[PDB]
Amino acid sequence: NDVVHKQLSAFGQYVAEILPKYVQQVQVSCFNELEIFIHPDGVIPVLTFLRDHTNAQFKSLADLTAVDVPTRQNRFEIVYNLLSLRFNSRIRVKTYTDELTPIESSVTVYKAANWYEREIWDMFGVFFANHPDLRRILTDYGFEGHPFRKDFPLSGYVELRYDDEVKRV
Amino acid sequence: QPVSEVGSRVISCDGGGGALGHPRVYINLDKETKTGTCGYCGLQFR
Amino acid sequence: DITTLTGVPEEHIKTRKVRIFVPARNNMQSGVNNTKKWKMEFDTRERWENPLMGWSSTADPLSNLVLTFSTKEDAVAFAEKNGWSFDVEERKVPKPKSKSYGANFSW
Amino acid sequence: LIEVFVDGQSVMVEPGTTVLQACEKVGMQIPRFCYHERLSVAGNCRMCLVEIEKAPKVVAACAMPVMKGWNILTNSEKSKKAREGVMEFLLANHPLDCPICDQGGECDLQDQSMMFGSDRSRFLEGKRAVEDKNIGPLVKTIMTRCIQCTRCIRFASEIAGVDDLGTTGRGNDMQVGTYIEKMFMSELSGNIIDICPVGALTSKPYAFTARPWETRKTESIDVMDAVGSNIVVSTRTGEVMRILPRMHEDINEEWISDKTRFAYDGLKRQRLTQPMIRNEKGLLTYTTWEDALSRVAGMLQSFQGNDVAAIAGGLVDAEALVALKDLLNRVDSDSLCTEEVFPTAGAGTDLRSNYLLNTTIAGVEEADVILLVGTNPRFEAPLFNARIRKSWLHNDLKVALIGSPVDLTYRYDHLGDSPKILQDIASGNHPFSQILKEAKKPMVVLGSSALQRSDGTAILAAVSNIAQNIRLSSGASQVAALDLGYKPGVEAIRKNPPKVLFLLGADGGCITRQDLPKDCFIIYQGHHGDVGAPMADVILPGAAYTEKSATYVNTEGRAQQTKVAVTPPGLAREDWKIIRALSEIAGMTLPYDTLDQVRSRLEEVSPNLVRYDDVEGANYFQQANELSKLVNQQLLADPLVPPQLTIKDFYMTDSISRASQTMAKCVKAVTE
Amino acid sequence: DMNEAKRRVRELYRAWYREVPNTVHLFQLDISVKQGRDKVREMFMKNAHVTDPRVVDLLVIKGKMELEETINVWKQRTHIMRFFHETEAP
Amino acid sequence: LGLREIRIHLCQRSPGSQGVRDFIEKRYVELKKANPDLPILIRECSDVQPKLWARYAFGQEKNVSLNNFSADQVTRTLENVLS
Ligand code: SF4
Ligand code: SF4
Ligand code: FES
């Protein structure tokens, strides 16, 4: 449909003008998916308004994905889906991040993001500032190296096995 | 197996039946000095 | 250097080397697509055989790993961020060549 | 250079040059078959059709040169309908053989069928199919899968130079198979297995054994020749499957030899696995690695100073030679003995350049005359023979044999006998000396075979004089050692020296065991039981070239390295590492231990080897080398016969090649 | 800058060291009570050459979580005995 | 006669090399005629500082670094070369 592509286009322009201290570009994937960019420092302020009405009542994170790419000056590339209800439609803001720079946590803005901060922390190196409690999930205890680092072998570097002489795995 | 022979020339071997055997292939018989073994079936022809 | 951050055992940031290169065209192919774009293959280690069934049982943690890139400098810098030993190799684009259907008919 | 528009953007393209080459320059890739650079253009297989910006009908992309601001819509719909149009025709008869055809993993015809060809079939009749044409020990012709991109004939007539095979008949029934049963053997016969577009021609020895998506594809270089061509070895997990050429402008350029292509097969058969001491009975017997190495480690201390005499094979091994070198200097005296009876007085070694092939082989096409003396180029170095033939078509430049009856593919002047025609032209007695005078950038090539022949030094002196004259008028296991001065290299130092140390006696062990009654003991650090092992006490298992990282030097002086592939077969280790163990046992532990520390030792003892692709040097200048050799000069003789002559003689050289099943099948093939 | 982070790590050593006997007690570990301490000191020597600014504080972030786990009885005898690599062939 | 070998390294383009480059086109043949004996390897190695190396039966090695020295100075250390 052309129509949706129109409305998303114009709306992308709309937000592009409303708050352009940080919207690097508002590309519309041709199959009707808008997606603006964000300077990594700018995460909270954008998303904040993204809940706040103008039309951007995009409540509820659908997810907090963390695409990786070995190239680029900063490899990890965070992504935020969002959904507005009354105007039933979805957008997708996203940023970028150094292996070492601590981007802030976005838990307060989208509310249901507490679990995700922990996820991406234990599936990646990236740290979220002002997060109440990053800690491991989806792993063993020690384990150490983050998976999903695009490098890092799927077979990992370790294995458990039970050993009778010490009577322990 | 006995070697099948036909007075014609080119023949098609499907390995027995339609869509239950190997892909249809035509075995040439340009040289009478040798049998025409099928690629998949393994059945000689002349 | 981020060696402490990665959980990787010291052995494999040490006693082995990456081997950056842009892959050669499979020569059976006439295609060119897969040729381009740097990748970051590691060196091979030992791989024996399963006493049973004859499988190629293998010890090394990370033999199969491989990574694409857009630019070589980015690749070298990449491994440097990892503190990796490396063997950078030149892109080896074929020289352009003259061609002429009529030169076949000089005399 | 003309401006031309690839679909949209302007491109300042080179004058003339085919539309295909234009889009190649923008990088967009036209579908192709019959065309191939490093071969020749042809109008068959019109899968390359592309649409002119304005002219209504499409033209073959590799045909028309670009000109005058042309625009060309590769993606234009009419082009696409054209391509589907052709592809349906190609697939109208190619037999349903994908699962069994050995080309199945990457046949270009498949991928072209995917990217462009319409998916529904709409042929609905009967494919033609044709009988096989047996051709030799190697290639497995199947035909029927043939699509008459003549290609292979354009390979044969224009590179192998043989024109035995060719097209036959008209319309359908026309066949690229050669008429008459006669077998087609040639030294470049192997490369067609690469060149063949589909599965119509694929290597018998490798056949069925594996599938393309499976095998890992290591990059390295050949060792069967010191020519040093780049390759892609391919292994199905822990075991080598098949070799293919890897293109490189300075050497192989997409081609490869043939003895090398099937050389790997010998690795699988007889090979060193465990150390083997002589027993009291004189039988070879399997042993622990440790007791053996400690045994000889103590054994060679008594003879510190001279006595002990290491002997390299013809294949080995840069890191092994530095390691063994310190083995020989930490011990007080030593035997740097190669194998080829290469003359050393007057020292071509110290100046480096005399044993170098001065012009790049890449520079060979620039030379306007070639002076081949003593040994035929094709058997000694096929890629070079391909190079000179390549220019032979590209240029009308002269060449000359000095001298043999050998059958090189192309027209060339034949001379007479060594001191005769050589010293005569050197003194300008030969008319040939004149044409050598007027010639631009003259090239004189002297084979390694000539360097022995009883009085090798005399032959070298004669050829050097010719080099001096031109200037006045104006207008393995070999080059590596001489990069590090292991001359004499010849075993002529003797003076019988007890406890010889083979790196590989499979080659020079055929000679004589004269030191053995004086000292039967011979450490043997080979990787086959061939020749050297049976007549040698204490056997050391050792790695083949696929495993070792060790560099080898191009005859040009390029010194590029092989990479690891499949690890040593058994208890065997990489060769040098045994020595770095040995010195450590002796108490004269060497400064290096890692491969890279000892690459730092190349970074001292040379340090020009640590420049893997860098042939260039300051050069000693030919006149200065001439003066350096001027003080010797000695009596000569007429005869000069190259070792190989026949191809069957070419099939067997180093012990690995005789361990080959398929090479044995070839030597049986040509002889029967 | 460095040093400001080094104090952090010393604090961390205090915490670990003092906690260790409780670890051996509560977990019924039969490691020599000293050995855990020594091994702690060693693990502290493992990165005793790191010199980057932010990387070290990040190191104490990853250092907190472990004492965080042993204090909460998260991980177990297996998981905490894991550090000693005791089953490995020399 | 302790020395077994001698070697020399020379980049083709550093200026500090030419005072040694000049040493080779002319002094060299004089040297070999003066030195039938032990090997005198020359290299075109592009090490920025040209060098000198000397083997013993001991395996110990002379290691003479040089910078932009006159060829006569090269000759000087070369005559300092002895048994
Ligand atoms: S190789 Fe010949 S047969 Fe095998 S798939 Fe490609 S085209 Fe079909
Ligand atoms: S031989 Fe190779 S190239 Fe010549 S037609 Fe048959 S397949 Fe095409
Ligand atoms: S290559 Fe253009 S016609 Fe086949």
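**Structural notes on the overall build of chain B**
Piece 1. Of the regular secondary structure elements, chain B holds 0 helices and 2 strands.
Piece 2. Expressed along its principal axes, the backbone C-alpha trace of chain B runs to roughly 30 × 20 × 15 Å.
Piece 3. Taking as baseline every contact in chain B between residues at least 6 positions apart, the subset at least 24 positions apart corresponds to 23%.

**Considering the UniProt feature "domain: Zinc finger CHCC-type" (unreviewed entry) in chain B**
Piece 1. In the numbering adopted here, UniProt assigns the feature "domain: Zinc finger CHCC-type" (unreviewed entry) to residues 9–45 of chain B.
Piece 2. Regarding residues 9–45 of chain B, the helix share stands at 0% and the strand share at 16%, and the terminal C-alpha atoms are separated by 10 Å.

**Things to note about the interface of chain C and chain D**
By a frequent convention, interface size equals the accessible area lost on bringing the separate parts together.
Piece 1. Taken together, the contacts link 20 residues of chain C with 18 residues of chain D.
Piece 2. Looking at the side of chain C that touches chain D, its residues break down into 6 nonpolar, 8 polar and 6 charged.

**As for the pairing of strand β3 (residues 49–52) of chain D**
Residue and element names in this part refer to chain D.
Piece 1. Bridge analysis of β3 against strand β4 (residues 59–60) gives 2 bridges, and the strand direction is antiparallel. Paired with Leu 49 across the two strands is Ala 60, which belongs to β4.
Piece 2. Hairpin remark: β3 followed by β4, antiparallel, with 6 residues in the connecting loop.
Piece 3. Inspection of the sheet shows β3 paired to strand β5 (residues 71–73) by 2 bridges, in the antiparallel sense. In the sheet register, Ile 52 faces β5, and the bridge partner there is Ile 72.

**Regarding the pattern of salt bridges**
Piece 1. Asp97(D) is the partner of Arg145(D) in a salt bridge, and the nearest nitrogen-oxygen pair spans 3.3 Å. With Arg145(D) in the loop between β6 (139–141) and α4 (152–160) and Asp97(D) in the loop between α2 (77–90) and α3 (108–115), this pair connects stretches of sequence that are 48 residues apart.
Piece 2. In this structure, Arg601(D) and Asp326(D) form a salt bridge, with 2.3 Å as the shortest nitrogen-oxygen distance.
Piece 3. Salt bridges here are not isolated pairs; linked through shared partners, they connect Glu33(A), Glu35(A), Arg92(A) and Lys94(A).

**Description of the UniProt feature "binding site: Zn(2+)" (unreviewed entry) in chain B**
Residue and element names in this part refer to chain B.
Piece 1. With numbering aligned to this structure, UniProt lists the feature "binding site: Zn(2+)" (unreviewed entry) at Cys 13, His 22, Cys 38 and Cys 41. In terms of the greatest pairwise C-alpha distance, the residues named above, spread along 29 residues, form a tight cluster of at most 10.2 Å across.
Piece 2. Here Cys 41 lies in the segment after β2 (25–27).

**As for the packing of helix α7 (residues 289–299) of chain D against helix α17 (residues 575–586) of chain D**
All names here are of chain D.
Piece 1. Relative orientation of the contacting elements α7 and α17 amounts to 60 degrees, with a least axis distance of 9 Å. Looking at the two axes, α7 sits oblique to α17. As for the relative orientation of α7 and α17, their crossing is right-handed in sense. Residue-level inspection shows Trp 289, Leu 293, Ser 294 and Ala 297 of α7 in contact with α17, the latter providing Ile 578, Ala 581, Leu 582 and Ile 585.
Piece 2. When the residues that make up the contact of α7 with α17 are grouped by side-chain class, the tally is 7 nonpolar, 1 polar and no charged.

**Details of the arrangement of the chains**
Piece 1. Counting contacts across all 5 pairs of chains found in contact, the highest total belongs to chains C and D.
Piece 2. Between chain B and chain E there is no contact, and the shortest C-alpha to C-alpha separation is 52 Å.
Piece 3. Regarding chain B and chain F, the two do not touch, and the least distance separating their C-alpha atoms is 60 Å.

**Here we look at the sheet that holds β3(D)**
Residues and elements named next belong to chain D.
Piece 1. With respect to topology, 5 strands assemble into an open sheet ordered β2-β1-β5-β3-β4, the strand pairing being mixed. A single partner strand is all that each edge strand has here, and the edge strands are β2 (10–12) and β4.
Piece 2. In this fold helix α1 (residues 19–26) packs onto β1 (3–6), β2, β3 and β5, with an angle of close to 70 degrees to the strand it touches most, β1.

**Considering unusual backbone geometry**
Residues and elements named next belong to chain D.
Piece 1. Here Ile 402 and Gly 403 are connected by a cis peptide whose omega angle stands at 0 degrees.
Piece 2. Mapped onto the elements, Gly 403 comes out in the loop between β15 (398–401) and β16 (413–414).
Piece 3. In this chain, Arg 494 is followed by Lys 495 through a cis amide linkage whose omega measures -10 degrees.
Piece 4. Counting through the fold element by element, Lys 495 comes out in the loop between α14 (479–483) and β18 (500–502).
Piece 5. Its identity is not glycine, yet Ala 347 carries a phi of approximately 50 degrees, on the positive side.
Piece 6. Tracing the sequence through the fold places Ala 347 in the loop between α8 (318–330) and β14 (369–373).
Piece 7. Its identity as a non-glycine residue notwithstanding, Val 538 has a phi of 60 degrees, on the positive side.
Piece 8. Among the secondary structure elements, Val 538 is positioned in the loop between β19 (522–524) and α17.

Calculation rules
Residues numbered from 1 in each chain as written, not as in the entry; some residues may be left out. Chains lettered and ligands numbered in written order. Part of a larger assembly, values for the part shown. Heavy atoms only, no water. Residues with missing side-chain atoms left out of burial classes, pairs and counts. Helix = DSSP H or I, 4+ residues; strand = E, 2+ residues; numbered from the N terminus. Contact = heavy atoms within 4.5 Å. UniProt positions renumbered as here; feature names shortened; annotations may be inferred. Nonpolar A, V, L, I, M, F, W, Y, C, P; charged D, E, K, R; others polar. Pairing = 2+ DSSP bridges. Salt bridge = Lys/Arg side-chain N within 4 Å of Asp/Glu carboxyl O. Axes fitted to C-alpha atoms, helices over the stretch in contact; angles between N-to-C directions. Parallel < 35°, antiparallel > 145°, perpendicular 65-115°, else oblique. Left-handed = near helix turned anticlockwise from the far one by under 90°.

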